[PDB]
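K.L.:
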Amino acid sequence: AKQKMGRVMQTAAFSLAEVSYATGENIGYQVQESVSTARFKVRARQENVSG
Amino acid sequence: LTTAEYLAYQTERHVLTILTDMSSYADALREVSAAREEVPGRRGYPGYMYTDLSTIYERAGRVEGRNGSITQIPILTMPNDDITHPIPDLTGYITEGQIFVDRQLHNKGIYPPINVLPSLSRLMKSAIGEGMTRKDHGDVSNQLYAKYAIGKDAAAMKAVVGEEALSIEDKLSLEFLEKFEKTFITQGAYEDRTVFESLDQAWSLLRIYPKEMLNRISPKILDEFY
Numbered sequence: 022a023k024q025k026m027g028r029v030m031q032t033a034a035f036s037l038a039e040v041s042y043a044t045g046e047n048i049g050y051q052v053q054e055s056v057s058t059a060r061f062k063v064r065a066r067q068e069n070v071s072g
Numbered sequence: 210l211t212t213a214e215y216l217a218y219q220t221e222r223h224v225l226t227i228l229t230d231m232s233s234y235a236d237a238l239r240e241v242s243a244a245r246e247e248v249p250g251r252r253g254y255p256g257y258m259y260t261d262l263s264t265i266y267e268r269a270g271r272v273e274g275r276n277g278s279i280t281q282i283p284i285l286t287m288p289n290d291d292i293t294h295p296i297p298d299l300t301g302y303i304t305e306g307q308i309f310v311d312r313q314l315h316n317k318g319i320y321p322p323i324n325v326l327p328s329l330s331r332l333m334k335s336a337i338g339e340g341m342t343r344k345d346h347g348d349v350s351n352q353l354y355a356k357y358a359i360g361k362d363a364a365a366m367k368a369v370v371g372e373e374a375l376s377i378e379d380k381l382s383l384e385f386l387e388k389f390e391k392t393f394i395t396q397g398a399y400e401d402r403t404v405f406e407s408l409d410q411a412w413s414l415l416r417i418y419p420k421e422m423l424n425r426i427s428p429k430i431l432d433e434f435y
């Protein structure tokens, strides 16, 4: 999973760079401004693995 | 034992003497020994209780010239369920095996509540043969013992590592343990299971396992009986 996450992070960084180049400016300021709430949330699940 | 010795040796018939409450007999030995000025021994029983039990037991056995045998089932009682007690210890010493009746099995309601794991017949190899009983007796007995021990271990481990995390050979072993305690060991007090019928029931129990799982059975016996 660490190897896969590294590969996926590299791909996402390349995609973000391409998107920024297409837009002509950094969308970081806009993303920070539109940070009122999070669209993605994580809920913990207590799975019983072995004992 | 004198009646058994007569019948067997001067009448040529197999006896199977069944003594009961050898613990009561040893208590009687204690009472008679202390009738004299004899000092009590380890736990009140006399020092010669080994000799007395040895006589009582070794009054049995097969002999050469006579076509008759004497077999003994002393049906001993443990006072405090202690194998370390002098009566069970000596009786074990003189005798040639042990059949354990278990409080746990009795409380679970299984009759007869005989616990296989500690029980063994020291001359099992002689009784379980080809001409006598059936040709699969020894292998089936060994396989049943192995799978019963594995079932007890899996029952202990189920409440520790969950039922799901147990192996396939452990889930099958739990199923075998249930079908073994509740169907094989559990025998009605008035139903007669001949050795061949009990062997067939044992094979029916062993058939839940795949043929590869039964490791202790010889391949020829697996091919013939499974």
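The listed protein sequences correspond, in order, to chains C and L. Here the first sequence is numbered in my numbering, starting from 22 and rising by one per residue. Here the second sequence is numbered in my numbering, starting from 210 and rising by one per residue. Where a beta carbon is used, it is the ideal one built from N, C-alpha and C, also for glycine.
1. Please go through the same chain and pick out, in chain order, the residues whose beta-carbon is closer than 8 Å to the beta-carbon of L/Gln-307, but skip the five residues on each side of it.
2. If L/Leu-262 sits next to L/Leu-228, beta carbons under 8 Å apart, how far is it from one beta carbon to the other, in whole angstroms?
3. Let me confirm a value: L/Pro-283 is counted as buried when at least 16 other C-beta atoms fall within 10 Å, else exposed. Which label applies?
4. Thinking C/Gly-49 and L/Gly-371 are a contact (beta carbons under 8 Å), I'd like their distance in whole angstroms, please.
5. Hey, how far is the Cα of C/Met-30 from the Cα of C/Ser-36?
6. Would you call the CB atoms of L/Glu-214 and L/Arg-271 closer than 8 Å?
7. Which chain C residues sit within Cβ distance under 7 Å of L/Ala-374?
8. Closer than 8 Å by beta-carbon distance: list the chain C residues that pair up with L/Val-369, in chain order.
9. Any contact between the segment 51 to 65 of chain C and the segment 236 to 249 of chain L? By contact I mean 3 or more CB pairs, one from each, below 8 Å.
10. Using only the alpha-carbon positions, how far apart do L/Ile-323 and L/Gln-396 sit?
11. Mind checking L/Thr-220: buried by the 16 CB within 10 Å criterion, or exposed?
12. Which residues does DSSP pair with L/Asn-324 in a beta bridge?
13. Determine the contact status of L/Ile-430 and L/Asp-345, defining contact as a CB-CB distance below 8 Å.
14. Give, in chain order, every unbroken run of the alpha helix (DSSP H) that is at least 4 residues long and sits entirely within the segment 338 to 384 of chain L.
15. If I measure Cβ to Cβ from L/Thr-280 and keep anything under 6 Å in the same chain, skipping five residues before and after, which residues do I get?
16. Does the segment 341 to 358 of chain L come close enough to the segment 410 to 421 of chain L that 3 or more CB-CB pairs lie under 8 Å?
17. In or out: C/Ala-38 buried (at least 16 other Cβ within 10 Å) or exposed?
18. Nearest CA to the CA of L/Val-325: which residue from L/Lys-420, L/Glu-433, L/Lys-334, L/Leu-314?
19. Who does L/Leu-329 pair with in a DSSP beta bridge?
20. Is the CB-CB distance between L/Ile-319 and L/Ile-417 below 8 Å?
21. Compute the Euclidean distance between the alpha carbons of C/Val-52 and C/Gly-27, then round it to the nearest angstrom.
22. Strictly by DSSP, which residues pair up with L/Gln-281?
23. My output table needs one value for C/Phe-61: the three-state DSSP class, helix, strand or coil.
24. Suppose the cutoff is 6 Å on Cβ atoms and the five residues either side in sequence are ignored; what does the same chain contact list for L/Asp-230 look like?
P.N.:
In brief:
1. The residues are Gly-301, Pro-327, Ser-328, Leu-329.
2. Not confirmed; about 11 Å, so no contact.
3. By the neighbour-count rule (16 or more Cβ atoms within 10 Å), L/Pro-283 is buried.
4. The pair is not a contact, with the Cβ atoms about 48 Å apart (cut-off 8 Å).
5. If you take the alpha carbons of C/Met-30 and C/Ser-36, they lie about 10 Å apart.
6. Taking 8 Å as the Cβ cut-off, L/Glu-214 and L/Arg-271 do not qualify as a contacting pair.
7. Within chain C, the residues near L/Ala-374 are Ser-71.
8. Neighbours of L/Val-369 on chain C, chain order: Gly-72.
9. Result no; under three Cβ-Cβ pairs closer than 8 Å.
10. If you take the alpha carbons of L/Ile-323 and L/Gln-396, they lie about 10 Å apart.
11. With fewer than 16 other Cβ atoms from the protein chains shown falling within 10 Å of its own Cβ, L/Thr-220 counts as exposed.
12. L/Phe-309, per the DSSP bridge assignment.
13. Cβ distance < 8 Å, so L/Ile-430 and L/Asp-345 count as in contact.
14. Correct list: 346 to 370.
15. Non-local beta-carbon contacts of L/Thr-280 in its own chain, meaning distances under 6 Å to residues more than five positions away in sequence, involve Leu-225 in chain order.
16. With a cut-off of 8 Å, the segment 341 to 358 of chain L and the segment 410 to 421 of chain L count as touching, because enough Cβ pairs lie within range.
17. Classification of C/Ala-38: exposed, given that the 10 Å Cβ count is below 16.
18. The shortest Cα separation from L/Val-325 among L/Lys-420, L/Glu-433, L/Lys-334, L/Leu-314 belongs to L/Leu-314.
19. When DSSP reads this structure, L/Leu-329 sits in a beta bridge with L/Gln-307.
20. With a cutoff of 8 Å on beta-carbon distance, L/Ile-319 and L/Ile-417 are scored as not near each other.
21. Taking the straight line from one Cα to the other gives about 23 Å.
22. In the DSSP assignment, L/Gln-281 is bridged to L/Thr-226.
23. It is coil, neither helix nor strand.
24. These residues qualify, in order along the chain: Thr-286.
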